[PDB]
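*Asks:* One file is attached below, start01.cif, containing mmCIF, C-alpha atoms and all ligand atoms.
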data_input
loop_
_atom_site.label_atom_id
_atom_site.label_comp_id
_atom_site.auth_asym_id
_atom_site.auth_seq_id
_atom_site.Cartn_x
_atom_site.Cartn_y
_atom_site.Cartn_z
CA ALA X 1 -8.16 -6.53 11.55
CA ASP X 2 -6.03 -8.81 9.28
CA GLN X 3 -8.64 -9.68 6.68
CA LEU X 4 -7.81 -9.75 3.15
CA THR X 5 -9.53 -11.49 0.26
CA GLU X 6 -7.60 -13.82 -2.10
CA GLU X 7 -7.31 -11.37 -5.02
CA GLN X 8 -6.38 -8.77 -2.44
CA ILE X 9 -3.64 -11.05 -1.03
CA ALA X 10 -2.44 -11.70 -4.60
CA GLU X 11 -1.98 -7.98 -5.14
CA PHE X 12 -0.11 -7.69 -1.90
CA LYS X 13 2.09 -10.56 -3.09
CA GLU X 14 3.00 -8.38 -6.01
CA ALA X 15 3.44 -5.18 -3.96
CA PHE X 16 5.50 -7.05 -1.37
CA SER X 17 7.79 -8.46 -4.02
CA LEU X 18 8.13 -4.99 -5.63
CA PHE X 19 9.58 -3.70 -2.40
CA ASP X 20 11.35 -6.93 -1.55
CA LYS X 21 14.20 -6.46 -3.95
CA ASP X 22 16.05 -9.53 -2.82
CA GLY X 23 12.99 -11.68 -3.43
CA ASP X 24 13.51 -13.50 -0.15
CA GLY X 25 10.27 -12.69 1.58
CA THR X 26 11.45 -10.04 4.04
CA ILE X 27 11.82 -6.31 3.38
CA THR X 28 14.79 -4.47 4.90
CA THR X 29 15.36 -0.71 5.35
CA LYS X 30 17.83 -1.03 2.47
CA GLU X 31 15.09 -2.00 0.11
CA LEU X 32 12.67 0.56 1.52
CA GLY X 33 15.17 3.38 1.28
CA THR X 34 16.04 2.32 -2.23
CA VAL X 35 12.39 2.25 -3.44
CA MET X 36 11.96 5.56 -1.62
CA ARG X 37 15.15 6.81 -3.31
CA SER X 38 13.78 6.01 -6.76
CA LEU X 39 10.49 7.56 -5.64
CA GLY X 40 12.30 10.75 -4.71
CA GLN X 41 12.45 10.55 -0.95
CA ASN X 42 15.42 9.90 1.32
CA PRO X 43 14.13 8.96 4.80
CA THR X 44 16.47 7.97 7.57
CA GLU X 45 17.51 4.49 8.69
CA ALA X 46 15.66 5.21 11.94
CA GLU X 47 12.37 6.05 10.17
CA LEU X 48 12.41 2.93 8.09
CA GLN X 49 13.54 0.70 10.96
CA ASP X 50 10.72 1.96 13.15
CA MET X 51 8.29 1.55 10.27
CA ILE X 52 9.36 -2.08 10.04
CA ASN X 53 9.47 -2.74 13.77
CA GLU X 54 5.93 -1.54 14.14
CA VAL X 55 4.63 -4.33 11.91
CA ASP X 56 7.41 -6.72 12.83
CA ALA X 57 5.50 -8.95 15.22
CA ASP X 58 7.82 -11.92 14.95
CA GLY X 59 10.70 -9.79 16.05
CA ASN X 60 13.03 -10.73 13.17
CA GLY X 61 13.51 -7.09 12.30
CA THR X 62 12.02 -7.18 8.80
CA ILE X 63 8.57 -7.01 7.20
CA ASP X 64 7.26 -10.45 6.43
CA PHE X 65 4.24 -10.99 4.20
CA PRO X 66 1.87 -12.03 7.14
CA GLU X 67 2.93 -8.81 8.91
CA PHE X 68 2.42 -6.76 5.75
CA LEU X 69 -1.08 -8.26 5.49
CA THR X 70 -1.66 -7.14 9.07
CA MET X 71 -0.21 -3.66 8.38
CA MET X 72 -2.19 -3.01 5.27
CA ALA X 73 -5.46 -4.32 6.54
CA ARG X 74 -5.24 -1.90 9.43
CA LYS X 75 -4.28 1.03 7.13
CA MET X 76 -7.07 0.21 4.74
CA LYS X 77 -9.72 -0.01 7.41
CA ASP X 78 -8.92 0.23 11.17
CA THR X 79 -6.06 -0.27 13.57
CA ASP X 80 -8.85 -0.65 16.07
CA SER X 81 -10.29 2.76 16.15
CA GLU X 82 -10.86 5.58 13.60
CA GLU X 83 -7.14 6.56 13.85
CA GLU X 84 -6.36 5.36 10.37
CA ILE X 85 -9.18 7.32 8.87
CA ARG X 86 -8.35 10.58 10.61
CA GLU X 87 -4.60 10.10 9.99
CA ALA X 88 -5.38 9.79 6.30
CA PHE X 89 -7.54 12.93 6.44
CA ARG X 90 -4.69 14.62 8.36
CA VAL X 91 -2.15 13.84 5.63
CA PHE X 92 -4.49 15.19 2.97
CA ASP X 93 -5.78 18.35 4.63
CA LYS X 94 -2.86 19.73 6.61
CA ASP X 95 -4.09 23.27 6.39
CA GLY X 96 -7.18 22.55 8.38
CA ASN X 97 -9.93 23.44 6.01
CA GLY X 98 -12.11 20.74 7.44
CA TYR X 99 -12.36 19.54 3.92
CA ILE X 100 -9.78 18.03 1.67
CA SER X 101 -8.96 20.38 -1.16
CA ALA X 102 -7.94 18.89 -4.55
CA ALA X 103 -5.19 21.46 -5.01
CA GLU X 104 -3.65 20.39 -1.73
CA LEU X 105 -4.10 16.72 -2.45
CA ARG X 106 -2.33 17.28 -5.81
CA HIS X 107 0.49 18.89 -3.83
CA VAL X 108 0.79 16.02 -1.37
CA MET X 109 0.81 13.59 -4.31
CA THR X 110 3.78 15.37 -5.80
CA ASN X 111 5.36 15.03 -2.33
CA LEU X 112 4.42 11.33 -2.12
CA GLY X 113 5.73 10.65 -5.57
CA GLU X 114 2.42 9.25 -6.77
CA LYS X 115 2.29 12.14 -9.24
CA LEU X 116 -1.33 12.64 -10.11
CA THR X 117 -2.84 15.03 -12.58
CA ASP X 118 -5.27 17.78 -11.56
CA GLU X 119 -8.03 15.90 -13.33
CA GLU X 120 -7.10 12.74 -11.41
CA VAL X 121 -7.15 14.38 -7.97
CA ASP X 122 -10.24 16.37 -9.02
CA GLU X 123 -12.10 13.17 -9.79
CA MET X 124 -10.91 11.59 -6.53
CA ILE X 125 -12.10 14.59 -4.56
CA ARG X 126 -15.31 14.83 -6.60
CA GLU X 127 -16.48 11.33 -5.67
CA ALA X 128 -15.51 11.87 -2.06
CA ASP X 129 -17.20 15.25 -2.06
CA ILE X 130 -20.66 13.93 -1.43
CA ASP X 131 -22.51 17.16 -0.62
CA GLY X 132 -20.93 18.89 -3.57
CA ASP X 133 -18.82 21.63 -2.03
CA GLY X 134 -15.89 20.73 -4.19
CA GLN X 135 -14.10 19.65 -1.09
CA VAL X 136 -14.57 16.48 0.93
CA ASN X 137 -15.16 16.70 4.71
CA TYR X 138 -14.20 14.03 7.25
CA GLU X 139 -17.69 12.43 7.37
CA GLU X 140 -17.61 12.06 3.61
CA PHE X 141 -14.05 10.80 3.54
CA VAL X 142 -14.74 8.13 6.20
CA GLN X 143 -16.99 6.27 3.77
CA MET X 144 -14.53 6.77 0.96
CA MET X 145 -11.46 5.63 2.85
CA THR X 146 -12.94 2.23 3.55
CA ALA X 147 -14.15 2.01 -0.08
CA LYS X 148 -11.15 0.27 -1.57
CA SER B 1 0.13 -2.70 -9.01
CA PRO B 2 -1.51 -0.84 -11.94
CA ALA B 3 -4.85 0.91 -12.20
CA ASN B 4 -6.71 0.07 -15.38
CA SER B 5 -9.72 -2.09 -14.49
CA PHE B 6 -11.71 0.62 -12.71
CA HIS B 7 -8.70 2.92 -12.38
CA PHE B 8 -10.31 5.11 -9.72
CA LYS B 9 -10.77 2.29 -7.26
CA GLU B 10 -7.20 1.00 -7.73
CA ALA B 11 -5.66 4.51 -7.65
CA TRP B 12 -7.80 5.52 -4.67
CA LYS B 13 -6.54 2.43 -3.11
CA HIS B 14 -2.84 2.66 -3.95
CA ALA B 15 -2.16 6.40 -3.77
CA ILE B 16 -4.13 6.72 -0.57
CA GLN B 17 -2.33 3.70 1.02
CA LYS B 18 0.96 5.44 0.27
CA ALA B 19 -0.29 8.68 1.83
CA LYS B 20 -0.57 7.08 5.24
CA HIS B 21 2.98 8.10 6.26
CA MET B 22 5.85 10.17 4.94
CA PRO B 23 8.10 7.06 4.42
CA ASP B 24 5.05 4.87 3.94
CA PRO B 25 5.40 1.35 2.71
CA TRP B 26 2.37 0.20 0.77
CA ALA B 27 4.21 -3.03 0.82
CA CA W 201 14.73 -8.52 1.10
CA CA W 202 9.06 -9.97 10.68
#
Just give me the structure as structure tokens.
Ligand SMILES: [Ca+2]
Ligand SMILES: [Ca+2]
*Replies:*
Amino acid sequence: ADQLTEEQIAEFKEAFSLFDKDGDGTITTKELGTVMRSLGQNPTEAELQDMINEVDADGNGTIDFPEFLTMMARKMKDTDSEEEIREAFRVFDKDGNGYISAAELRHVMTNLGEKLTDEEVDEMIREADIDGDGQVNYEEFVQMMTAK
Amino acid sequence: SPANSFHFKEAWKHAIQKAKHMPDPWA
């Protein structure tokens, strides 16, 4: 579950360096909390440390690029099981509609700082909404989540 | 990491990666 393609790795190089403010090759909670700060979120030291330590396999206490590759590849596809897919569904449809609603996804985006327009989220939902209910159910989202 | 080539694919990638946790690092 650590597979990335070369172009994929190249993008992660970029992303990694965007968070790695010191440009040293390891991301600290300082850097995370700062990118979060500019994003409009102030998580705790504990949240960020745990977040790191989860991917921190070498035990140095920071997120190295190999570990990031591991982390992302699991988030983008599988940790092992369908956890990642349902956790993503869970963060989109909190209200339990059984389907992800665009209006709610727009709301979570505002909360995530991604800041997407209604038309943007509408299009995202529309493609994921396979049966055409205007809302995407889990079975529809499972195909979409891995389509990155 | 922009979204211009296909836009949807990149955004659906990036914004959804970020959604994975409250203090989610997509990096
Ligand atoms: Ca650093
Ligand atoms: Ca490490």
*Asks:* Can you tell me which residues surround residue 18 in chain B at a distance of at most 10 Å, considering all atoms listed in the file, apart from same-chain residues fewer than 3 positions away, and format the answer as a PyMOL selection string?
*Replies:* (chain X and resi 75+88+109+112-114) or (chain B and resi 13-15+21-27)
*Asks:* Please tabulate, as a tab-separated table, the residues of chain X that come within 10 Å of ligand CA 201 (chain W), each with its closest pair of atoms and the distance in Å to one decimal, counting all atoms listed in the file and ordering rows by chain, then residue number upward.
*Replies:*
residue	atom	partner	partner_atom	distance
X:16	CA	W:CA201	CA	9.7
X:17	CA	W:CA201	CA	8.6
X:19	CA	W:CA201	CA	7.9
X:20	CA	W:CA201	CA	4.6
X:21	CA	W:CA201	CA	5.5
X:22	CA	W:CA201	CA	4.3
X:23	CA	W:CA201	CA	5.8
X:24	CA	W:CA201	CA	5.3
X:25	CA	W:CA201	CA	6.1
X:26	CA	W:CA201	CA	4.7
X:27	CA	W:CA201	CA	4.3
X:28	CA	W:CA201	CA	5.6
X:29	CA	W:CA201	CA	8.9
X:30	CA	W:CA201	CA	8.2
X:31	CA	W:CA201	CA	6.6
X:32	CA	W:CA201	CA	9.3
X:62	CA	W:CA201	CA	8.3
X:63	CA	W:CA201	CA	8.8
X:64	CA	W:CA201	CA	9.4
*Asks:* Give the centre and edge lengths of an axis-aligned box, in Å to one decimal, that holds all listed atoms of range 13-25 of chain B with 6 Å on each side, as JSON.
*Replies:*
{"center_x": 0.8, "center_y": 5.8, "center_z": 1.2, "size_x": 26.6, "size_y": 20.8, "size_z": 22.2}
*Asks:* Considering only C-alpha atoms and all ligand atoms, give me a table of residues in chain X that are at most 8 Å from ligand CA 202 (chain W), with the closest atom pair and distance in Å for each, as a tab-separated table.
*Replies:*
residue	atom	partner	partner_atom	distance
X:26	CA	W:CA202	CA	7.1
X:52	CA	W:CA202	CA	7.9
X:53	CA	W:CA202	CA	7.9
X:55	CA	W:CA202	CA	7.3
X:56	CA	W:CA202	CA	4.2
X:57	CA	W:CA202	CA	5.9
X:58	CA	W:CA202	CA	4.9
X:59	CA	W:CA202	CA	5.6
X:60	CA	W:CA202	CA	4.7
X:61	CA	W:CA202	CA	5.5
X:62	CA	W:CA202	CA	4.5
X:63	CA	W:CA202	CA	4.6
X:64	CA	W:CA202	CA	4.6
X:67	CA	W:CA202	CA	6.5
*Asks:* Please report as a VMD selection string which residues of chain X come no farther than 10 Å from chain B, using only C-alpha atoms.
*Replies:* chain X and resid 11 to 20 27 32 to 33 35 to 36 41 to 44 47 to 48 51 to 52 63 to 65 68 to 69 71 to 72 75 to 76 84 to 85 87 to 92 105 108 to 109 111 to 116 120 to 121 123 to 124 127 144 to 148
*Asks:* What does the distance from CA of residue 7 in chain X to CA of residue 119 in chain X come to in Å, to one decimal?
*Replies:*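 CA of residue 7 in chain X sits 28.5 Å away from CA of residue 119 in chain X.
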*Asks:* What's the separation between CA of residue 104 in chain X and CA of residue 74 in chain X, in Å to one decimal place?
*Replies:*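 Those two atoms sit 25.0 Å apart.
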*Asks:* As an exercise, work out the distance from CA of residue 129 in chain X to CA of residue 99 in chain X in Å and give it to one decimal place.
*Replies:*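 According to the coordinates, CA of residue 129 in chain X and CA of residue 99 in chain X are separated by 8.8 Å.
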